[PDB]
Amino acid sequence: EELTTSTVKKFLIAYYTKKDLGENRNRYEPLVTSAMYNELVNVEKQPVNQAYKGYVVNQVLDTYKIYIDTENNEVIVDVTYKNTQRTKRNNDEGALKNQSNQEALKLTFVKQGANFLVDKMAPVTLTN
Amino acid sequence: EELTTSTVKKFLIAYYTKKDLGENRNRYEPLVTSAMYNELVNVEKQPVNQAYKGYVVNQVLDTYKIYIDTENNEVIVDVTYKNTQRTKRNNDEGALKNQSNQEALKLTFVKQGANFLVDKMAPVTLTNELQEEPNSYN
């Protein structure tokens, strides 16, 4: 009926927690529409992201604020996440661990069968 | 117990529906903390805003989207409001009516007694236009 914070949190965990670029596709696939999945994969294929495959690794969701608009199933999320930046692929020598990062997004959910799925995602800015 | 959309809406009406600058102070004062009230009045006294006193009038809240973080008592609001824009001050002759405007805010509420009060307010940007290109560094 109503979109709950539990559903949003499950998506944030899958979307922000990954060993490497693309390693979480199988875990966010059941939580998003087919259109959204294709869009997320195409974002991963952009040069700015492909460039760091194997170099930015072991990323985990750290903190989150979830702001739900229950009348249109839109959500604002304000997240921090931590990762390791390696200097050499597959090698932890020289790596910077536990590097903090911040991002805010607007998510649109749709009901598809029994489940709420992410159908749209856009960046927003919550700072000043 | 939990911050509700009814509480947020009551503040939005008090903050956005006014006949002129400062005219709504008595309606939003009980809905905000003492510190917030003083900040709001000082923002109103800035020459940026005082310049439109007597020109921008008959303002009404129109559409609103209310995003509530019930764990942190924080709210994002995305609002449209309509007003009349006068060409000559204190005179409706030649004014533009039903002019649309948009604003998005982050509101921080505190529970003071049994009531939720606005304690902080900050602008945010939620729109497509201002954001990044996808193949860009954050």
# chains A, B, ... in the order shown; residues from 1 in each chain; ligands from 1
call {"tool": "select_by_dssp", "arguments": {"residues": "chain B", "states": "strand (DSSP E or B)", "output": "ChimeraX atom specification"}}
result
/B:18,32,56-69,74-85,88,91,96-112,115-123,125
call {"tool": "write_last_selection", "arguments": {"atoms": "C-alpha atoms", "output": "short mmCIF file (atom, residue, chain, number, x, y, z; two decimals), in the first residue's frame"}}
result
data_model
loop_
_atom_site.label_atom_id
_atom_site.label_comp_id
_atom_site.auth_asym_id
_atom_site.auth_seq_id
_atom_site.Cartn_x
_atom_site.Cartn_y
_atom_site.Cartn_z
CA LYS B 18 0.48 35.92 2.85
CA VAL B 32 8.77 27.72 14.72
CA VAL B 56 4.59 41.23 -4.46
CA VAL B 57 1.20 40.62 -2.82
CA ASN B 58 -1.73 38.20 -2.56
CA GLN B 59 0.52 35.15 -2.44
CA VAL B 60 -1.04 31.71 -2.09
CA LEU B 61 0.44 28.23 -1.66
CA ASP B 62 -0.40 26.17 -4.75
CA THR B 63 1.16 22.70 -5.10
CA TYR B 64 3.38 20.98 -2.58
CA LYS B 65 5.32 17.75 -2.34
CA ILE B 66 6.28 16.72 1.21
CA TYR B 67 9.15 14.22 1.78
CA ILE B 68 9.42 13.24 5.47
CA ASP B 69 12.37 11.56 7.21
CA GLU B 74 13.66 16.44 8.78
CA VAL B 75 11.53 17.29 5.75
CA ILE B 76 12.18 18.22 2.14
CA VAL B 77 9.41 20.30 0.57
CA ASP B 78 8.95 21.17 -3.11
CA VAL B 79 6.45 24.01 -3.46
CA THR B 80 4.78 26.18 -6.04
CA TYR B 81 3.01 29.38 -5.08
CA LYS B 82 1.16 32.07 -7.00
CA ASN B 83 1.22 35.81 -6.33
CA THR B 84 0.48 39.20 -7.89
CA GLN B 85 3.44 41.28 -9.09
CA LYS B 88 3.75 50.40 -8.85
CA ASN B 91 -1.25 50.14 -6.23
CA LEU B 96 0.45 40.87 -13.22
CA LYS B 97 -1.81 38.36 -11.47
CA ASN B 98 -1.55 34.61 -10.76
CA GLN B 99 2.21 34.54 -11.38
CA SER B 100 3.80 31.16 -10.66
CA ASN B 101 6.90 30.57 -8.52
CA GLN B 102 8.81 27.53 -7.29
CA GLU B 103 10.92 26.82 -4.20
CA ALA B 104 12.40 23.75 -2.52
CA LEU B 105 13.51 23.73 1.13
CA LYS B 106 14.98 21.47 3.78
CA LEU B 107 13.15 21.90 7.09
CA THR B 108 14.53 20.64 10.39
CA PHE B 109 11.92 20.09 13.11
CA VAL B 110 12.40 19.73 16.86
CA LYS B 111 9.93 18.34 19.39
CA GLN B 112 9.48 21.10 22.00
CA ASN B 115 4.54 20.05 19.28
CA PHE B 116 6.93 19.83 16.35
CA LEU B 117 8.50 23.22 15.57
CA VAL B 118 10.66 24.30 12.63
CA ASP B 119 14.16 25.03 13.93
CA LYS B 120 16.22 25.25 10.72
CA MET B 121 15.43 26.05 7.09
CA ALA B 122 17.75 25.86 4.09
CA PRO B 123 17.32 25.98 0.31
CA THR B 125 17.74 22.11 -5.48
#
call {"tool": "residues_around", "arguments": {"residues": "residue 18 (chain A)", "least_positions_apart": "3", "cutoff": "7 Å", "atoms": "only C-alpha atoms", "output": "list in words"}}
result
residues 23, 24, 58, 59 and 60 of chain A
call {"tool": "closest_residue", "arguments": {"among": "B:3, B:35, B:14, B:95", "to": "chain A", "atoms": "only C-alpha atoms"}}
result
B:3
call {"tool": "closest_residue", "arguments": {"among": "B:126, B:138, B:52, B:133", "to": "chain A", "atoms": "only C-alpha atoms"}}
result
B:126
call {"tool": "interface_residues", "arguments": {"of": "chain A", "to": "chain B", "cutoff": "12 Å", "atoms": "only C-alpha atoms", "output": "PyMOL selection string"}}
result
chain A and resi 3-5+8+39-40+42-52+64-78+101-107+121-128
call {"tool": "residues_around", "arguments": {"residues": "region 33-36 of chain A", "least_positions_apart": "2", "cutoff": "7 Å", "atoms": "only C-alpha atoms", "output": "VMD selection string"}}
result
chain A and resid 38 to 40 117 to 120
call {"tool": "write_last_selection", "arguments": {"atoms": "N, CA, C and O atoms", "output": "short mmCIF file (atom, residue, chain, number, x, y, z; two decimals), in the first residue's frame"}}
result
data_model
loop_
_atom_site.label_atom_id
_atom_site.label_comp_id
_atom_site.auth_asym_id
_atom_site.auth_seq_id
_atom_site.Cartn_x
_atom_site.Cartn_y
_atom_site.Cartn_z
N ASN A 38 18.40 -1.20 -17.00
CA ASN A 38 19.16 -0.88 -18.20
C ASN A 38 19.82 0.48 -18.08
O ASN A 38 20.95 0.68 -18.56
N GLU A 39 19.12 1.45 -17.49
CA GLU A 39 19.68 2.78 -17.32
C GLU A 39 20.87 2.76 -16.36
O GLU A 39 21.88 3.45 -16.61
N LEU A 40 20.78 1.99 -15.28
CA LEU A 40 21.89 1.94 -14.32
C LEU A 40 23.11 1.29 -14.94
O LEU A 40 24.24 1.77 -14.75
N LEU A 117 9.30 -1.03 -6.80
CA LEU A 117 10.57 -1.08 -7.53
C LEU A 117 11.00 0.33 -7.90
O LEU A 117 10.18 1.19 -8.20
N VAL A 118 12.32 0.57 -7.89
CA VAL A 118 12.82 1.86 -8.35
C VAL A 118 12.66 1.96 -9.87
O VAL A 118 13.14 1.10 -10.61
N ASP A 119 12.00 3.02 -10.33
CA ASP A 119 11.82 3.22 -11.76
C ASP A 119 12.58 4.41 -12.32
O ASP A 119 12.91 4.41 -13.51
N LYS A 120 12.87 5.42 -11.50
CA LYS A 120 13.65 6.58 -11.92
C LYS A 120 14.60 7.00 -10.80
O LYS A 120 14.31 6.82 -9.61
#
call {"tool": "residues_around", "arguments": {"residues": "residue 89 (chain A)", "least_positions_apart": "5", "cutoff": "9 Å", "atoms": "only C-alpha atoms", "output": "list in words"}}
result
residues 53, 54 and 55 of chain A
call {"tool": "select_by_dssp", "arguments": {"residues": "region 1-89 of chain B", "states": "helix (DSSP H, G or I)", "output": "compact mmCIF listing (two decimals) with C-alpha atoms, in the first residue's frame"}}
result
# COMPACT_ATOMS: atom_id res chain seq x y z
CA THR B 5 2.38 15.63 6.71
CA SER B 6 -0.45 17.57 8.43
CA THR B 7 2.08 19.37 10.63
CA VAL B 8 4.25 20.18 7.62
CA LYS B 9 1.30 21.45 5.59
CA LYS B 10 0.20 23.77 8.40
CA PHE B 11 3.64 25.36 8.39
CA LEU B 12 3.72 25.60 4.57
CA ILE B 13 0.40 27.47 4.53
CA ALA B 14 1.61 29.81 7.28
CA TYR B 15 4.92 30.42 5.47
CA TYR B 16 3.76 30.73 1.83
CA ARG B 25 4.56 36.55 10.93
CA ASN B 26 1.80 36.00 13.49
CA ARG B 27 0.76 32.80 11.73
CA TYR B 28 4.18 31.16 11.49
CA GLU B 29 5.52 32.36 14.85
CA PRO B 30 3.79 29.60 16.91
CA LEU B 31 5.02 26.96 14.42
CA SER B 34 12.32 31.32 18.96
CA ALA B 35 15.68 31.16 17.16
CA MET B 36 14.03 30.30 13.83
CA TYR B 37 11.51 33.13 14.18
CA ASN B 38 14.27 35.70 14.72
CA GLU B 39 16.20 34.35 11.73
CA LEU B 40 13.11 34.48 9.50
CA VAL B 41 12.36 38.11 10.43
CA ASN B 42 15.98 39.12 9.81
CA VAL B 43 15.91 37.53 6.35
CA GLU B 44 12.77 39.57 5.71
CA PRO B 47 17.14 44.90 1.40
CA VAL B 48 16.84 42.04 -1.10
CA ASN B 49 13.40 41.25 0.33
CA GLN B 50 12.36 44.72 1.51
call {"tool": "atom_distance", "arguments": {"atom1": "CA of residue 14 (chain A)", "atom2": "CA of residue 81 (chain A)"}}
result
12.1 Å
call {"tool": "closest_residue", "arguments": {"among": "A:79, A:57, A:114, A:41", "to": "residue 25 (chain A)", "atoms": "only C-alpha atoms"}}
result
A:41
